[PDB]
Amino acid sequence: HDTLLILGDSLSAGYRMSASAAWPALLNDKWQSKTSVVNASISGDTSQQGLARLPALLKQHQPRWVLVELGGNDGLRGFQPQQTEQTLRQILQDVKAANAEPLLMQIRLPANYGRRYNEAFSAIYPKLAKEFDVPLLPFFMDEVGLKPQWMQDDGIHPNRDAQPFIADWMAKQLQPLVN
């Protein structure tokens, strides 16, 4: 009955698969009658789009914890790292002000983007985790990517088959935090 809210993009919503197929639904199943998992993710969401939806989610779901998994789409849509940092800062602030605990997931961009860019982008996550003194979960795609059979054709998004694994991985990361 205590709720974890997942505020994510495609990596949590599921890319070209249903609600029921994505790892949060599987985690919800695994944690039935202990912890409620509410998936508030939408494919393609930027950090700014996530923040826009946040006040209505906090009021509606009154979560105890909010897992923030955003930033991956920000560069592609014209937002610089410094803008992503500030947007995430604001998200963490709203979660704490609603007396929930923020959990930040580390995001990594494709090597493709540039070495100068990736270091700056990746660096905002530990910076904010330290600044707000919150859990920083590792980027699960670092592991999922090691199995081509778990990747959709685009080489970016985990497929249906990957979702049970990711649910297991999240359950383990989140266990000490949630009961």
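Start at 1 and count along the sequence shown; that's the residue number.
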Out of 3-11 and 170-178, which one has CA B-factors that are higher on average in the deposited record? 170-178
Mean B factor on CA atoms, stretches 33-41 and 114-122, record says higher is 114-122
Quick check for you: using the entry's CA B-factors within this chain, is residue 28 in the lowest, middle or highest third? middle
Based on the entry's values, in what third of the chain does the Cα temperature factor of residue 65 lie: lowest, middle or highest? middle
CA B-factor placement of residue 150, once the chain's modelled residues are sorted into thirds: lowest
Looking at the temperature factor on the CA atom of residue 71, which third of the chain's modelled residues does it land in? lowest
